[PDB]
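**Q** Before we start, here is the structure in question, set down as structure tokens.
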Amino acid sequence: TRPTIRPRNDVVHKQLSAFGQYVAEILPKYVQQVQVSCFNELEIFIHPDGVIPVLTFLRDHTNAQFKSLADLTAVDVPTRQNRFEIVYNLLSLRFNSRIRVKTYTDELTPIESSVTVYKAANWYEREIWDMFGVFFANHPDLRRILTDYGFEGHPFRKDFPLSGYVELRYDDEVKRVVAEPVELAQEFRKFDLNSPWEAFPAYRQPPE
Amino acid sequence: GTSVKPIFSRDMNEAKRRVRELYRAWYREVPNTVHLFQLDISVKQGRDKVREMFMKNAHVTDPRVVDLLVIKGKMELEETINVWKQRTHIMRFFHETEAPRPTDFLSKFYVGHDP
Amino acid sequence: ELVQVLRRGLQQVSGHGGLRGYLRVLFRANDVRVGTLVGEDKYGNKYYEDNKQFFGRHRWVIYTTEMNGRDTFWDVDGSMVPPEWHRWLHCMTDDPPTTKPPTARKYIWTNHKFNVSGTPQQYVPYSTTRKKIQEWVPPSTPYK
Amino acid sequence: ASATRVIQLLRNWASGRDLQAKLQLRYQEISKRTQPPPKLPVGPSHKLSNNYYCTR
Amino acid sequence: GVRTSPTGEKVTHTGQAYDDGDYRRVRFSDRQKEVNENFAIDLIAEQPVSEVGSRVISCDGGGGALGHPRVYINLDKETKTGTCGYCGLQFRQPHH
Amino acid sequence: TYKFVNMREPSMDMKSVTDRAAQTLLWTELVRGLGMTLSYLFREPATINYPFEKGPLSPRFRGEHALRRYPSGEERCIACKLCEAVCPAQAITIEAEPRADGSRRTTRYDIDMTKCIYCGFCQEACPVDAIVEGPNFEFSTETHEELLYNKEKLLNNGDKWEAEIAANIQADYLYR
Amino acid sequence: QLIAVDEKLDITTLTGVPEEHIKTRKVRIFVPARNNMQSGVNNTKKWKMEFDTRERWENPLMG
Amino acid sequence: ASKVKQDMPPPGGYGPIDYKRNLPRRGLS
Amino acid sequence: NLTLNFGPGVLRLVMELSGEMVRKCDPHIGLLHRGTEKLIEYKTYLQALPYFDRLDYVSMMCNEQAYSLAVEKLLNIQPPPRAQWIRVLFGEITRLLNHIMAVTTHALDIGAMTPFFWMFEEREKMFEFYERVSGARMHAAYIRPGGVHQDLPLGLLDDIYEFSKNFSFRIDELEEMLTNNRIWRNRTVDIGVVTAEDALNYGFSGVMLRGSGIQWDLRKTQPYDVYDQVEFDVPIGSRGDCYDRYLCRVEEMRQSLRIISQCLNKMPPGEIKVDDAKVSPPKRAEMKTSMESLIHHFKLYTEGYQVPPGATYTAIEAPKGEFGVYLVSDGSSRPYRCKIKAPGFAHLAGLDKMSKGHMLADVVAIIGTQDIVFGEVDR
Amino acid sequence: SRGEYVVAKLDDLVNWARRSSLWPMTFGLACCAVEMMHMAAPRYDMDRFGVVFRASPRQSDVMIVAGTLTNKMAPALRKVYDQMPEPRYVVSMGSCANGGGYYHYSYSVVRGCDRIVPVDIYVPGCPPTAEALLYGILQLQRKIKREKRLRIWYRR
Amino acid sequence: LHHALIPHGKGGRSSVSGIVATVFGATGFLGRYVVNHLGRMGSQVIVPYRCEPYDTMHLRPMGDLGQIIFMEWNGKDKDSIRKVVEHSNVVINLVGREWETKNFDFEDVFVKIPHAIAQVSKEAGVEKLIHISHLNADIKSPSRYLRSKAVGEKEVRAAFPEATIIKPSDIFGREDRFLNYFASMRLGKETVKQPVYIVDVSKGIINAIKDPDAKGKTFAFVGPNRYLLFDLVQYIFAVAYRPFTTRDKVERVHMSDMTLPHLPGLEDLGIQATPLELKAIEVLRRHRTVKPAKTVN
Ligand SMILES: CCCCCCCCCCCCCCCCC[C@@H](O)O[C@H](CO[C@H](O)CCCCCCCCCCCCCCC)COP(=O)(O)OCC[N+](C)(C)C
Ligand SMILES: NC(=O)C1=CN([C@@H]2O[C@H](COP(=O)(O)OP(=O)(O)OC[C@H]3O[C@@H](n4cnc5c(N)ncnc54)[C@H](OP(=O)(O)O)[C@@H]3O)[C@@H](O)[C@H]2O)C=CC1
Ligand code: SF4
Ligand code: SF4
Ligand code: SF4
Ligand SMILES: [Zn+2]
């Protein structure tokens with residue numbers, strides 16, 4: 001290619017594919033899919049029941065030993081029956097490699113807490129609960145970490161309005177800060193930026 | 001079918017048991033909250049507010065929704081007891097500064113287009 | 001040594017027009033340094049430079065005592081500098097407007113105004129558009 | 001710096017180094033605030049031929 | 001070309017001025033109303049029409065890269081003059 | 001390559017022990033710190049005499065927003081609404097219609113300076129150099145309302161600062 | 001280990017939405033129509049949910 | 001005609017930059 | 001056992017004390033939660049860029065660089081060499097700024113207030129560099145997902161070199177005031193000791209890992225822009241306490257000076273942004289002359305570039321630790337999801353364990369050595 | 001009259017004393033606090049104007065809101081303002097504190113600190129430069145110079 | 001109805017209520033509550049002040065941007081009153097003072113200023129005027145305060161025939177003089193008081209503005225319960241946990257509150273008057289470091 005195009009690395013791609021096959025072979029009970037992206041990132045899709053086993057294997061196995069939990073978050077996709085996907089990003093210092101583990105859940109199914117595998121997950125799961133309403137079972141102390149006390153709703157859900165439902169001000173009659181329904185002096189301007197004439201033919205979907 | 005993974009309660013009876021435990025804890029806590037936050041409301045009206053908040057969700061027939069509501073209420077009680085809230089958070093349950101919105105058709109017709 | 005610094009101090013006293021001017025500049029600017037006069041401003045400001053001072057102190061302005069409508073003997077502020085001397089004074093350029101003047105336009109303000117907040121000439125915001133919906137005007141003649 | 005020699009030696013002895021070698025206040029050693037115009041060359045895709053976008 | 005409304009307020013270049021019964025005039029009491037004194041329409045009306053002996057000419061607003069995108073104006077029609085859609089300058093062929 | 005910051009083992013001979021004891025009892029390092037403070041006491045401070053002296057600035061620096069116009073006197077803005085589209089804070093409100101002469105001009109051009117982030121995206125999106133962010137930064141206000149700029153205020157700002165704005169644009173336009 | 005409960009899903013009491021923004025709203029489920037100004041059809045591929053339009057008024061300041 | 005002109009280091013490069021720690025020993029046994 | 005609340009950067013901190021000992025330390029955050037991640041979903045990528053300036057607002061261009069790298073990886077493009085060298089130079093300048101702020105604030109909280117002024121003069125000089133290169137002192141928004149916004153002014157490199165030849169003496173003065181002072185050592189030595197395994201399991205990164213003897217640095221193990229073309233040393237601690245982290249930060253300042261020297265001496269020619277007008281906007285003259293350039297400028301500043309669908313996690317060696325972005329694209333010009341990973345989040349989560357069996361005055365030292373800025377913690 | 005001249009001089013003396021020693025208590029909420037510290041740095045030396053560094057709330061004269069005010073943080077700021085002695089002023093610094101700024105359409109951000117406390121001076125910028133904040137402080141000094149309390153008391 | 005004055009929104013901070021109110025005496029005790037109630041529903045409030053602005057600073061956050069306007073004035077000049085009431089459709093008179101000064105005695109405050117305000121509002125075309133007098137105001141009162149109140153009420157009715165007269169009785173509240181005056185003493189059995197809550201009076205004024213048929217009516221704003229002064233002071237001291245103004249105010253507190261059965265009250269404006277027991281603790285908590293008093297009805 002040309003100097004404006006990002007170069008490819010086939011060696012890392014092959015290594016990640018081989019390790020994904022290795023992990024999938026060792027844990028056929030939970031692994032549902034393994035993917036390697038064109039920019040050399042390895043993703044492992046697992047059943048929700050296997051969060052603790054898969055993470056423990058990836059942390060403790062001699063050939064994996066992913067000793068660091070880089071990040072843990074959730075993504076909201078309203079069109080799926082299982083609304084939320086849980087994403088674990090792990091780093092292995094021994095082999096200088098990164099791995100990603102994805103699972104799924106809905107509003108009412110709890111996900112097992114992984115604080116026994118990684119101590120870092122304590123605040124990440126609290127943040128996930130605060131922003132998406134995903135409950136984590138056997139958490140040491142699950143509670144809101146980011147929103148105000150008494151805040152209702154989970155703002156990071158797609159159907160949560162951007163400006164929320166209530167706003168704060170100081171009232172002189174009651175000599176305290178009160179909450180009232182939001183009322184914008186200027187409404188947020190919604191922009192329709194998506195253009196027709198589809199851009200990337202490689203991602204075209206079947207017309208069903 | 002329709003088999004789902006439990007959160008805390010397998011059926012409705014133990015879900016209602018947890019509901020009653022949470023109600024007992026809130027009822028016990030109301031006088032201490034009234035005294036400690038120096039609220040101008042009475043204990044009777046605080047317990048009435050607790051009862052009203054519990055009754056807003058009386059229509060729920062799903063044990064998972066019920067025990068998630070119990071979990072949320074227990075977080076609310078933990079915030080109240082540990083004095084993580086201030087007086088404004090407690091008083092936000094009463095909407096003292098909001099002008100009442102009439103319910104009848106004529107009032108809504110007069111005020112604006114909002115049904 | 002000590003005699004040199006004392007002599008420079010006395011020279012600073014003498015270079016401000018005597019004790020009167022020395023005290024005037026001392027109480028107006030809290031500084032008694034003497035520098036070459038770069039140029040004169042039309043509102044009365046005076047601009048000096050001294051390349052032997054460190055960067056930031058090598059250019060300064062002695063504000064006028066009377067701009068458009070107020071006595072600025074004590075009440076001075078940075079918005080009193082016109083744009084060309086503003087560009088020179090903030091070291092955005094190495095050239096004073098005296099040597100090379102700004103381009104002349106018919107719409108450029110001839111008289112610079114300072115910050116007018118908290119003053120009857122303050123800016124008061126308003127909508128600049130016209131009415132969008134026109135009401136119907138009933139006739140003046142009774143129907144029956 | 002317009003510091004007398006006695007004060008220079010006093011501060012040098014107090015800190016224990018040579019301070020005039022490395023001063024923390026800028027002087028005439030800095031660049032001019034007025035600079036000549038630049039040219040800013042173009043990138044590799046500024047060719048008049050053999051430059052189809054489908055190849056880059 | 002600033003005009004004065006019958007109420008007394010200056011009419012801005014957008015033509016707006018609060019009506020006699022408008023309560024919003026109270027915001028200008030004890031204060032002033034900002035009106036820009038230079039009306040662009042009049043100022044561009046004062047510009048003389050350029051005489052060019054070419055059928056099609058280009059305008060970029062002057063200053064090269066400091067103006068507007070370069071556009072080409074046709075001057076075949078003799079009833080009117082060619083006007084730049086960006087700058088407002090007028091051009092015309094030397095009739096007669 | 002890596003370095004060790006705290007991997008020094010003190011000597012245990014009598015001379016080094018006596019040196020450390022003398023340091024402990026006679027407070028040598030504290031005297032060193034006092035000497036450093038004394039050395040700083042006798043140098044010229046870095047303070048400038050504001051407002052008579054000003055901090056150095058550059059042509060690129062973004063100040064208060066202004067609406068410019070052509071040398072003929074007509075405003076450069078053609079109501080393309082690209083600055084309004086690019087504004088990350090939605091601080092720009094624009095309304096337009098054909099003028100009495102048929103020109104494409106704005107009737108409303110509002111900038112909320114209490115919503116603006118002073119990023120300068122609007123001036124780099126403008127195709128006719130109509131909206132710029134001028135060098136003025138001393139425009140503090142006593143009320144919230146006077147920081148809600150309309151078209152008249154921005155045109156007045158442009159007419160007020162045009163000389164310096166044009167000089168800065170001339171200085172910087174070859175880098176853009 | 002499984003409840004096997006027969007009841008339609010309902011999460012209104014958990015979303016935190018106010019009471020009058022649940023019962024009085026009317027969402028519209030539709031595939032957006034093609035913008036007839038253009039011939040592209042890439043904006044008519046997915047389904048959209050939008051809410052009913054409510055009152056918009058002019059701010060006394062800034063309009 | 002006009003050649004390329006942009007911000008570049010001077011020919012031969014810049015002089016060395018001191019970065020190592022310098023805490024001298026004054027002297028008293 | 002009494003419970004007390006240190007109310008309101010801005011932090012609410014709930015403790016229970018048994019005399020002088022700290023028994024439990026429960027930090028309460030969210031006082032600076034502005035909903036940045038939800039706001040990003042309503043912006044284009046260029047529109048969402050300035051949020052990263054405000055995330056970790058002591059290291060602005062480092063967050064800019066991390067976001068730009070994530071977007072470049074998703075777009076499958078690369079910046080030109082000169083852009084990469086500028087990025088690394090300004091990242092090292094940003095590291096110097098951040099370490100100055102961290103060390104001087106940590107000293108100020110303990111009670112040493114003079115190096116704060118001493119090094120904030122240098123901070124002001126570096127802010128002048130920022131303003132000259134971008135027009136803004138702090139919230140710069142200079143590093144873009146295609147390179148950098150503008151080329152350097154014609155005299156910036158010489159002034160950077162002039163600044164860099166005098167900074168080592170300032171570091172030396174800071175070390176004379178702090179390094180061998182017995183009060184500073186008594187305040188810092190053996191305070192907040194964390195083991196390597198505990199640091200790894202608690203999600204620590206950066207100095208919090210290197211002070212415990214873990215040999216890890218993202219610029220060395222996973223280099224991103226040109227960091228494989230520069231030479232520097234990684235300071236490694238030996239005791240895992242506040243003193244070792246202080247020494248490590250000072251050594252990183254010296255190594256940043258080294259990298260800045262190398263970057264100044266090896267700045268290449270060429271363009272500053274990817275020569276692809278469907279991603280990076282064209283020049284003003286091209287936009288005002290060519291039809292394609294005007295069309296591309298219009299579309300890039302109204303709609304923005306579309307990013308091919310995919311998800312990536314991109315991390316860099318920020319001055320405070322590993323700063324990462326989990327970016328999800330749905331194929332449009334607006335990011336679908338943007339999760340922001342801040343090392344301060346994990347460090348504040350580990351503050352409770354780090355403060356077991358310590359005085360009330362030691363928690364301030366632990367907070368200072370953790371380098372906590374709540375903009376990135378709360379987001 | 002004699003009293004009318006005496007009250008004028010006494011007002012002038014009190015105003016000079018109050019504006020010549022302004023002791024600020026700063027809410028360093030967000031990154032405007034960095035520019036606030038840069039105003040206390042040696043280049044500008046806010047101390048040299050009589051404006052001390054980091055005064056206590058119990059003996060503070062002016063409040064500087066430097067950063068985004070969230071809904072979680074508003075009651076604490078209101079309480080701290082309520083604890084200030086009566087001759088108190090508030091300076092709003094930065095776009096976030098002025099009107100919400102780049103977080104204006106957020107579910108958790110107060111759209112301007114003036115919803116919670118009255119504001120005397122608004123300093124625009126994101127962030128305002130330390131020099132701009134100094135200009136705002138001097139404008140507040142001029143505003144304090146402009147007030148006249150004993151004249152009003154004598155005329156009432 | 002002047003389209004710009006057509007109400008819009010849902011009655012909140014940024015809504016439009018169609019009310020442009022000029023509130024004279026808005027810098028006092030009742031003025032802050034009146035302005036707060038006007039501004040919470042989105043009305044344009046003109047605040048005329050003779051005092052230093054710093055003392056009006058607390059009224060600024062009571063409304064949205066641009067909805068509260070401050071203008072200097074003085075009661076001896078009709079031009080200032082005119083320029084303040086040009087564009088308002090509601091004028092509220094809250095000017096009063098409990099003592100006499102060397103520049104203003106009771107006559108200027110309670111007769112001359114209200115008459116000038118009413119005349120100027122009538123000449124300016126103001127739709128509604130609400131004037132505040134006292135419940136115990138009458139021509140033959142021993143105190144000059146109530147005599148001036150009665151004369152001013154008569155002159156206001158003469159100048160503005162469609163003015164709404166409101167006669168409260170010993171308003172109590174946080175900044176209210178009445179609760180505070182009694183608790184700061186740290187006689188009785190023959191004088192009777194019927195105090196009224198401040199929020200009740202403010203809401204009554206707002207509802208009278210809203211009420212279309214309350215144009216030329218006179219209202220008497222009184223509390224639910226009627227107390228003997230000795231028992232009321234004993235209750236005040238009990239709530240405050242304490243052991244149990246030259247000539248005019250002592251006379252006023254020594255005389256019993258009148259009864260006006262024919263005058264409409266707060267119940268006709270759709271307001272339930274709040275008992276003193278519910279707000280006494282709120283008012284008197286700050287005077288510290290349960291057996292409500294008996295009432296006669
Ligand atoms: C012996 C009995 C003592 C009784 C108590 C007395 C208390 C001490 C008072 C004596 C000290 C006098 C105060 C000195 C004030 C003068 C300051 C003057 O120079 O300021 C300038 C002059 O401003 C005013 O004109 C001065 C007003 C000062 C008061 C006027 C007369 C006061 C005397 C009345 C005393 C009677 C006391 C009665 C009770 C005992 C304006 O400067 P400013 O704007 O700030 O700063 C701008 C910064 N610049 C200059 C760099 C641009
Ligand atoms: N117990 C009570 O409070 C009840 C009050 N009364 C009447 O109700 C009205 C409001 O009472 P309240 O708020 O408690 O009294 P306040 O003292 O609290 O307020 C009086 C108001 O009138 C203004 N004012 C007073 N005198 C003048 C003047 N000469 N010129 C211009 N403005 C002046 C004040 O301004 P400034 O701050 O400058 O002095 C102030 O805004 C008054 O008319 C009062 O007489 C009715 C029954 C009892
Ligand atoms: S500078 Fe940025 S935030 Fe401000 S108006 Fe321009 S685009 Fe909008
Ligand atoms: S200012 Fe420029 S970008 Fe904005 S609408 Fe006008 S011409 Fe377009
Ligand atoms: S106002 Fe601007 S600079 Fe200040 S904290 Fe907010 S975003 Fe940052
Ligand atoms: Zn043209």
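Chain labels follow the order of the structure tokens: the first chain is A, the next B, and so on; residue numbering restarts at 1 in every chain, and ligands are counted from 1 in their shown order.
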If we count only C-alpha atoms, what is near residue D:55 at a cut-off of 8 Å, once residues fewer than 4 positions away on the same chain are taken out, given as a ChimeraX atom specification?
**A** /A:1-2 /D:51
**Q** Show me, as a VMD selection string, the residues that have an atom within 6 Å of stretch 74-87 of chain F when counting only C-alpha atoms, minus same-chain residues fewer than 3 positions from it.
**A** (chain E and resid 40 44) or (chain F and resid 69 to 70 90 92 104 to 106 122 125 130) or (chain I and resid 301 to 302)
**Q** Which chain J residues are at most 6 Å from chain I (counting only C-alpha atoms), as a list in words?
**A** residues 28, 29, 31, 41, 72, 73, 108 and 109 of chain J
**Q** Can you write out the residues you just picked, keeping N, CA, C and O atoms, as a compact mmCIF listing (two decimals), in the first residue's frame?
**A**
```txt
# COMPACT_ATOMS: atom_id res chain seq x y z
N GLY J 28 -11.82 24.96 43.58
CA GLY J 28 -11.10 24.36 42.47
C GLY J 28 -11.81 23.13 41.97
O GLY J 28 -11.33 22.01 42.15
N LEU J 29 -12.97 23.33 41.34
CA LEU J 29 -13.79 22.20 40.90
C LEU J 29 -13.15 21.48 39.72
O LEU J 29 -13.15 20.24 39.67
N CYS J 31 -10.71 22.36 35.70
CA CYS J 31 -9.45 22.82 35.14
C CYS J 31 -9.32 24.34 35.05
O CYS J 31 -8.28 24.84 34.61
N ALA J 41 0.93 32.21 40.49
CA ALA J 41 2.31 31.92 40.17
C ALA J 41 3.12 33.21 40.10
O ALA J 41 2.56 34.30 40.03
N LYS J 72 -24.46 16.97 42.07
CA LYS J 72 -23.96 16.40 43.31
C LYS J 72 -23.19 17.42 44.14
O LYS J 72 -23.13 17.29 45.37
N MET J 73 -22.61 18.44 43.50
CA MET J 73 -21.74 19.40 44.17
C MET J 73 -22.45 20.69 44.57
O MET J 73 -21.93 21.43 45.42
N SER J 108 -26.41 15.98 34.59
CA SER J 108 -25.80 16.06 35.91
C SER J 108 -25.04 17.36 36.15
O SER J 108 -24.24 17.43 37.09
N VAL J 109 -25.28 18.39 35.35
CA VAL J 109 -24.51 19.63 35.42
C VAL J 109 -25.48 20.79 35.63
O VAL J 109 -26.48 20.91 34.92
```
**Q** Residues of chain E within 8 Å of chain I, counting only C-alpha atoms, what are they? List them as a PDB file with N, CA and C atoms, in the first residue's frame.
**A**
```pdb
ATOM      1  N   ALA E  65      -5.888  34.123  -1.312  1.00  0.00           N
ATOM      2  CA  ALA E  65      -6.364  33.132  -0.356  1.00  0.00           C
ATOM      3  C   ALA E  65      -7.106  33.749   0.821  1.00  0.00           C
ATOM      4  N   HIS E  68     -12.831  34.872  -0.772  1.00  0.00           N
ATOM      5  CA  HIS E  68     -13.805  33.801  -0.856  1.00  0.00           C
ATOM      6  C   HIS E  68     -13.435  32.834  -1.977  1.00  0.00           C
ATOM      7  N   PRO E  69     -14.080  31.666  -2.042  1.00  0.00           N
ATOM      8  CA  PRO E  69     -13.783  30.730  -3.133  1.00  0.00           C
ATOM      9  C   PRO E  69     -14.007  31.369  -4.495  1.00  0.00           C
ATOM     10  N   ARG E  70     -13.111  31.055  -5.428  1.00  0.00           N
ATOM     11  CA  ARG E  70     -13.138  31.678  -6.743  1.00  0.00           C
ATOM     12  C   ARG E  70     -14.306  31.147  -7.562  1.00  0.00           C
TER      13      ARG E  70
END
```
**Q** Determine which residues of chain G sit within 10 Å of chain K, taking into account only C-alpha atoms, and present them as a PDB file with N, CA, C and O atoms, in the first residue's frame.
**A**
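Result file follows (selection_34.pdb):
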```pdb
ATOM      1  N   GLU G  55     -44.758  20.873  22.867  1.00  0.00           N
ATOM      2  CA  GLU G  55     -44.739  22.309  22.631  1.00  0.00           C
ATOM      3  C   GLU G  55     -43.319  22.856  22.590  1.00  0.00           C
ATOM      4  O   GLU G  55     -42.460  22.479  23.391  1.00  0.00           O
ATOM      5  N   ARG G  56     -43.084  23.757  21.642  1.00  0.00           N
ATOM      6  CA  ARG G  56     -41.868  24.553  21.574  1.00  0.00           C
ATOM      7  C   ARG G  56     -42.284  26.014  21.532  1.00  0.00           C
ATOM      8  O   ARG G  56     -43.168  26.384  20.756  1.00  0.00           O
ATOM      9  N   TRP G  57     -41.662  26.840  22.366  1.00  0.00           N
ATOM     10  CA  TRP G  57     -42.018  28.248  22.440  1.00  0.00           C
ATOM     11  C   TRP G  57     -40.761  29.100  22.338  1.00  0.00           C
ATOM     12  O   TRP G  57     -39.634  28.608  22.427  1.00  0.00           O
ATOM     13  N   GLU G  58     -40.970  30.397  22.146  1.00  0.00           N
ATOM     14  CA  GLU G  58     -39.892  31.351  21.934  1.00  0.00           C
ATOM     15  C   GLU G  58     -39.403  31.889  23.273  1.00  0.00           C
ATOM     16  O   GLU G  58     -40.201  32.382  24.077  1.00  0.00           O
ATOM     17  N   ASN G  59     -38.102  31.788  23.505  1.00  0.00           N
ATOM     18  CA  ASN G  59     -37.507  32.349  24.711  1.00  0.00           C
ATOM     19  C   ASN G  59     -37.632  33.870  24.684  1.00  0.00           C
ATOM     20  O   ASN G  59     -37.302  34.492  23.669  1.00  0.00           O
ATOM     21  N   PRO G  60     -38.121  34.499  25.756  1.00  0.00           N
ATOM     22  CA  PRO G  60     -38.246  35.968  25.745  1.00  0.00           C
ATOM     23  C   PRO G  60     -36.923  36.682  25.533  1.00  0.00           C
ATOM     24  O   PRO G  60     -36.905  37.798  24.999  1.00  0.00           O
ATOM     25  N   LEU G  61     -35.817  36.075  25.945  1.00  0.00           N
ATOM     26  CA  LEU G  61     -34.481  36.557  25.629  1.00  0.00           C
ATOM     27  C   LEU G  61     -33.906  35.692  24.513  1.00  0.00           C
ATOM     28  O   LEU G  61     -34.054  34.464  24.544  1.00  0.00           O
ATOM     29  N   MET G  62     -33.305  36.336  23.509  1.00  0.00           N
ATOM     30  CA  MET G  62     -32.658  35.657  22.384  1.00  0.00           C
ATOM     31  C   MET G  62     -33.636  35.034  21.399  1.00  0.00           C
ATOM     32  O   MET G  62     -33.238  34.645  20.297  1.00  0.00           O
TER      33      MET G  62
END
```
**Q** Counting only C-alpha atoms, give me one row per residue of chain D with an atom at most 6 Å from an atom of chain I, showing the shortest contact pair and its distance in Å to one decimal, sorted by chain then residue number, as a Markdown table.
**A**
```
| residue | atom | partner | partner_atom | distance |
| --- | --- | --- | --- | --- |
| D:22 | CA | I:166 | CA | 5.5 |
| D:30 | CA | I:159 | CA | 6.0 |
| D:31 | CA | I:155 | CA | 5.8 |
| D:42 | CA | I:271 | CA | 5.8 |
| D:43 | CA | I:271 | CA | 5.4 |
```
**Q** Please check which protein, DNA or RNA residues sit within 6 Å of ligand 3, counting only C-alpha atoms and all ligand atoms, and write them as a PDB file with N, CA and C atoms, in the first residue's frame.
**A**
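Wrote it out as out.pdb, contents follow:
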```pdb
ATOM      1  N   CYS F  87     -19.811  23.528  15.490  1.00  0.00           N
ATOM      2  CA  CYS F  87     -19.668  23.977  16.870  1.00  0.00           C
ATOM      3  C   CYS F  87     -19.892  22.832  17.851  1.00  0.00           C
ATOM      4  N   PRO F  88     -18.851  22.398  18.567  1.00  0.00           N
ATOM      5  CA  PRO F  88     -19.011  21.249  19.472  1.00  0.00           C
ATOM      6  C   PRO F  88     -19.910  21.529  20.661  1.00  0.00           C
ATOM      7  N   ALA F  89     -20.134  22.792  21.009  1.00  0.00           N
ATOM      8  CA  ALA F  89     -20.947  23.151  22.161  1.00  0.00           C
ATOM      9  C   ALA F  89     -22.330  23.662  21.784  1.00  0.00           C
ATOM     10  N   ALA F  91     -23.060  26.481  20.447  1.00  0.00           N
ATOM     11  CA  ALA F  91     -23.082  27.849  20.939  1.00  0.00           C
ATOM     12  C   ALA F  91     -23.533  28.859  19.893  1.00  0.00           C
ATOM     13  N   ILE F  92     -23.702  28.446  18.642  1.00  0.00           N
ATOM     14  CA  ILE F  92     -24.017  29.348  17.539  1.00  0.00           C
ATOM     15  C   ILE F  92     -25.442  29.081  17.076  1.00  0.00           C
ATOM     16  N   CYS F 116     -19.730  28.672  24.810  1.00  0.00           N
ATOM     17  CA  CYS F 116     -18.588  28.511  23.922  1.00  0.00           C
ATOM     18  C   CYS F 116     -17.394  27.928  24.668  1.00  0.00           C
ATOM     19  N   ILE F 117     -16.634  27.075  23.978  1.00  0.00           N
ATOM     20  CA  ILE F 117     -15.414  26.507  24.536  1.00  0.00           C
ATOM     21  C   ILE F 117     -14.166  27.129  23.944  1.00  0.00           C
ATOM     22  N   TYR F 118     -14.317  28.094  23.037  1.00  0.00           N
ATOM     23  CA  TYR F 118     -13.193  28.843  22.478  1.00  0.00           C
ATOM     24  C   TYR F 118     -12.199  27.912  21.788  1.00  0.00           C
ATOM     25  N   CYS F 119     -12.730  26.872  21.139  1.00  0.00           N
ATOM     26  CA  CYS F 119     -11.911  25.911  20.412  1.00  0.00           C
ATOM     27  C   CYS F 119     -11.415  26.443  19.075  1.00  0.00           C
ATOM     28  N   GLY F 120     -12.130  27.387  18.471  1.00  0.00           N
ATOM     29  CA  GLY F 120     -11.753  27.902  17.175  1.00  0.00           C
ATOM     30  C   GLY F 120     -12.140  27.036  15.999  1.00  0.00           C
ATOM     31  N   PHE F 121     -13.000  26.035  16.201  1.00  0.00           N
ATOM     32  CA  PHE F 121     -13.455  25.214  15.085  1.00  0.00           C
ATOM     33  C   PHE F 121     -14.282  26.026  14.100  1.00  0.00           C
ATOM     34  N   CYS F 122     -15.045  26.998  14.600  1.00  0.00           N
ATOM     35  CA  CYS F 122     -15.891  27.812  13.736  1.00  0.00           C
ATOM     36  C   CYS F 122     -15.067  28.636  12.755  1.00  0.00           C
TER      37      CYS F 122
END
```
**Q** Any idea what the distance is between atom CA of residue K:134 and atom CA of residue K:238?
**A**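 Atom CA of residue K:134 sits 28.5 Å away from atom CA of residue K:238.
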**Q** Could you please extract the residues within 7 Å of ligand 2, counting only C-alpha atoms and all ligand atoms, and hand them back as a PyMOL selection string?
**A** chain K and resi 24-31+49-51+74-75+93-98+104+109+132-135+167-172+176-178
